[PDB]
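**Student:** Just the first chains of my complex for now:
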Amino acid sequence: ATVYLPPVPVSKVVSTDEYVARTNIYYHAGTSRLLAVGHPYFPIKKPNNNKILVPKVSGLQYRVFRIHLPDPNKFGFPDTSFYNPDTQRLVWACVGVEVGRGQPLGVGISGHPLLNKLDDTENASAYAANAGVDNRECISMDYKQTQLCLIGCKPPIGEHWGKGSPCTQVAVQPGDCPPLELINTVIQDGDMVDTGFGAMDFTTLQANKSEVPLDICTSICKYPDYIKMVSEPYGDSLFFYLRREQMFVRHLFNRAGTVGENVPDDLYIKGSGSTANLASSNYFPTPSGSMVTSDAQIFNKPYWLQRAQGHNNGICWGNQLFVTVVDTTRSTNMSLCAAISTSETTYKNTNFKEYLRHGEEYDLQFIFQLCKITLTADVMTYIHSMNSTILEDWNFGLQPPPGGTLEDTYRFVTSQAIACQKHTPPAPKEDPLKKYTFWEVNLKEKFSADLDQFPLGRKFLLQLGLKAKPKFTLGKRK
């Protein structure tokens, strides 16, 4: 520049598929399986202390991993360089991923010993059974079936309705629901999916703090904010998503507690008896999970990334991948027991102490394409306007210093002081993370160049070149 920052773009934003050439050099990577054994309901901590002994792990929460990748320009190379390192720079493209489940078919489960529930109002049994002191019951559910996986390279955006706070312009008091304002935030590991009360916080909306389970009270519940993400052309925040979700209405119920609502008292006619009074108009549909089937598994089959939502196809502008997984369908909870004493020789429920765990597996197989971004002066100006940090990291002119001189604290040694001594010694240092809240997967040298002996690999050779297998695949008929 000038002209001008550039032009044009904006408008029309140049794709990274017009000057970023693919190469036929392939490396292969994968993980060694991942296993995390939690307690979905709550983490089990030592209550004499504050540290976890069993974490919280669940498929009914987002499992969001921050994958850090090498860069090809760190290599000594096996000789993948035939040109000057300043006419081009190298970046990865990920062209296939399979995300495996090692968990059997069967659901996980959540619940609450005191879920806020009055009476049954699907078909009556009461108007109220209580409006004084207590009325909550032992009730469990498995939250709705959600399967989705989505892949990006910058952090995903979630939406949820946060607490818009009661206003005093229009009459809303405590004991009236607030106006609700949508407060959107990044999807991060440990966070709960939508429950079908809407996707909202429950940490400060809830004030009994015991309407719902131990798990969702203490999370933010979120719905994916597809909408802002698919409107970024580049799609660096995601360049792949899919979903399958469903839920059915188990039974209508009424919440524990009295109306806070204002009912116009002129939309009915008064009765006599039971029909004189009103129940609480705080009806809620009770939701419940769906039937699990092996034809609903979007997993253990490969998601290609040869093409992507974004201009991005896994192109490294940080050398990171974000992979978010939800699987509620193999999120088996396995039940077990240990006997408290062998002093009790009869069957007692004060003898054999039931315990639940959830075991969580994930494996990710990857095929990596080596790609290049060819740099001319004009290209370099576009990137500079785009994100300057990329140029510096690559290393590219024009840098000051010099620099110099003197220094201080001279001779001796100490020696007393003299001399100097100021002293004064440097670097706190401080501070931004940039962690933020993710299950760290380091890949740096799991990279390969054979892909005939990885299962994903074999299928990728089949798809790409129509060879090699190596001998044969399938049937026939069968």
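**Tutor:** It's in. Numbering: from 1, shown residues only, chains lettered A, B, ... in the order given.

**Student:** What segments of the stretch 301-450 of chain A are strands?
**Tutor:** Taking DSSP state E, counting those that start in this stretch as the test, the strands found in the stretch 301-450 of chain A are A:302-304, A:320-327, A:333-339, A:352-374, A:441-442.

**Student:** Pick the most buried one from those strands.
**Tutor:** Greatest average neighbour count among the strands of the stretch 301-450 of chain A goes to strand A:320-327 (a mean of 21), per mean count of other C-beta atoms under 10 Å. C-betas here are computed from N, CA, C, even on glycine.

**Student:** same for it, what does it pack against?
**Tutor:** If contacts are counted by 3 or more C-beta pairs under 8 Å, 6 or more residues apart in numbering; DSSP states H and E, strand A:320-327 sits against strand A:63-68, strand A:88-100, strand A:145-152.

**Student:** so it versus strand A:88-100, what angle?
**Tutor:** Using axes from the mean of the first three to the mean of the last three C-alpha atoms, to 10 degrees, the direction of strand A:320-327 lies 10 degrees away from that of strand A:88-100.

**Student:** Parallel or antiparallel, list what pairs with strand A:320-327.
**Tutor:** The strands beside strand A:320-327 in its sheet (DSSP bridges) come out as strand A:63-68 (antiparallel), strand A:145-152 (antiparallel).

**Student:** Now distance to residue A:246 too, for the strands of the stretch 301-450 of chain A, in a markdown table please.
**Tutor:** As requested, those are exported to a markdown table (distance: least, C-beta to C-beta, whole Å):
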| stretch | distance to residue A:246 |
| --- | --- |
| strand A:302-304 | 21 |
| strand A:320-327 | 13 |
| strand A:333-339 | 21 |
| strand A:352-374 | 22 |
| strand A:441-442 | 30 |
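
**Student:** So for residue A:87, which of the ones you listed sits nearest?
**Tutor:** Closest of those to residue A:87 is strand A:352-374, at 6.9 Å (criterion: C-beta to C-beta).

**Student:** If you count contacts, what does the closest one end up packed against?
**Tutor:** strand A:22-30, strand A:34-38, strand A:63-68, strand A:88-100, strand A:333-339, helix A:455-465.

**Student:** now the angle between strand A:34-38 and it, please.
**Tutor:** Using the same axes, to 10 degrees: strand A:352-374 against strand A:34-38 is 140 degrees.

**Student:** What strands line up against strand A:352-374, and which way round?
**Tutor:** With DSSP bridges as the test, strand A:352-374 is paired with strand A:22-30 (antiparallel), strand A:34-38 (antiparallel), strand A:88-100 (antiparallel), strand A:333-339 (antiparallel).

**Student:** could you redo those strands as a markdown table and give each row distance to residue A:223?
**Tutor:** A markdown table is the format used below for these (distance: least, C-beta to C-beta, whole Å):
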| stretch | distance to residue A:223 |
| --- | --- |
| strand A:22-30 | 31 |
| strand A:34-38 | 24 |
| strand A:88-100 | 21 |
| strand A:333-339 | 25 |
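
**Student:** Among the ones you listed, which comes closest to residue A:2?
**Tutor:** Nearest of the strands paired with strand A:352-374 (C-beta to C-beta): strand A:88-100, 25.6 Å.

**Student:** Now do the closest one: distance to the chain's middle.
**Tutor:** 20 Å (C-alpha atoms, centre = their mean, to the nearest Å).

**Student:** Now distance to residue A:271 and mean neighbour count too, for the helices and strands packed on strand A:320-327, in a markdown table please.
**Tutor:** Output for these, formatted as a markdown table (distance: least, C-beta to C-beta, whole Å; neighbours: other C-beta atoms under 10 Å):
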| stretch | distance to residue A:271 | mean neighbour count |
| --- | --- | --- |
| strand A:63-68 | 53 | 20 |
| strand A:88-100 | 59 | 21 |
| strand A:145-152 | 42 | 22 |
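
**Student:** Chain B follows; place it on the structure:
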Amino acid sequence: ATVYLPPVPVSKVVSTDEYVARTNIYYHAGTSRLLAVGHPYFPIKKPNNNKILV
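**Tutor:** Below is chain B, added to the chains above:
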């Protein structure tokens, strides 16, 4: 100093086959019917001997 430095690859082992030439001679076999009729709730064993009753 790094390491990596490709090499790379990991890894390449021999194909089970690549030179299996299928002869046009074929044979057939079979079993007559394999059957078993048990008890689905529990093995019924004879306690005096050690052998199944069902």
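
**Student:** Okay, the closest residue in space to residue A:37 that isn't next to it in sequence and residue A:108: tell me how far apart.
**Tutor:** Of all residues not flanking residue A:37 in the chain, residue A:359 sits nearest, at 5.0 Å (C-beta to C-beta, 6 or more residues apart in numbering or on different chains). Shown here: residue A:359 relative to residue A:108, a distance of 10 Å by C-beta to C-beta, to the nearest Å.

**Student:** do the same with residue A:209
**Tutor:** To residue A:108, residue A:209 is 23 Å away according to C-beta to C-beta.

**Student:** Can you give me the neighbour number for the residue of the stretch 151-300 of chain A found nearest chain B?
**Tutor:** Here the stretch 151-300 of chain A gets closest to chain B at one residue, residue A:153, 21.5 Å apart by C-beta to the nearest C-beta. Counted with other C-beta atoms under 10 Å in any protein chain shown, the neighbours of residue A:153 add up to 26.

**Student:** ok but residue A:227 is inside a strand, no?
**Tutor:** No. Going by DSSP: H, G, I helix; E, B strand; the rest coil, the assignment for residue A:227 is helix, not a strand.

**Student:** Contacts only, for the closest residue to it other than its chain neighbours.
**Tutor:** Using C-beta to C-beta, 6+ apart and skipping the chain neighbours, the partner closest in space to residue A:227 is residue A:159 (7.9 Å). Contact analysis of residue A:159 by C-beta atoms under 8 Å, 6 or more residues apart in numbering or on different chains lists A:182, A:184, A:199, A:222, A:223, A:224, A:225, A:227.

**Student:** May I ask which of these has the most neighbours?
**Tutor:** Taking other C-beta under 10 Å as the neighbour criterion, residue A:222 ranks highest of these with 25 neighbours.

**Student:** With residue A:175 as the reference, measure out to residue A:277.
**Tutor:** Taking C-beta to C-beta, one finds residue A:277 at 20 Å from residue A:175.

**Student:** what's the spacing between stretch A:408-424 and its chain's center?
**Tutor:** For stretch A:408-424 - counting by C-alpha atoms, centre = their mean - the centre lies 53 Å from the chain centre.

**Student:** how about it: buried residues?
**Tutor:** The neighbour-count check on stretch A:408-424 (16 or more other C-beta atoms under 10 Å in any protein chain shown) flags nothing as buried.

**Student:** That stretch: end-to-end distance?
**Tutor:** Taking C-alpha to C-alpha, to the nearest Å, stretch A:408-424 runs 11 Å from one end to the other.

**Student:** Kindly report the same for stretch A:328-337.
**Tutor:** 24 Å.

**Student:** Between residue A:359 and residue A:108, which contacts overlap?
**Tutor:** With C-beta under 8 Å, 6+ apart, residue A:359 and residue A:108 have common neighbours residue A:332.

**Student:** Tell me how far the residue of chain A positioned farthest from its centre lies from residue A:411.
**Tutor:** Each residue of chain A has a distance to the centre, and by C-alpha atoms, centre = their mean the biggest one is for residue A:418: 57.9 Å. Per C-beta to C-beta, residue A:418 is found 9 Å from residue A:411.

**Student:** ditto for residue A:320
**Tutor:** For residue A:320, the distance to residue A:411 - C-beta to C-beta - is 48 Å.

**Student:** re the thing from before, can you pick out the residue with more neighbours from residue A:209 and residue A:108?
**Tutor:** Between residue A:209 and residue A:108, counted using other C-beta under 10 Å, residue A:108 has the larger neighbour count: 27 against 13.

**Student:** surely that one meets residue A:330?
**Tutor:** No. Taking contacts as C-beta atoms under 8 Å, residue A:108 lies outside contact range of residue A:330: 9.1 Å.
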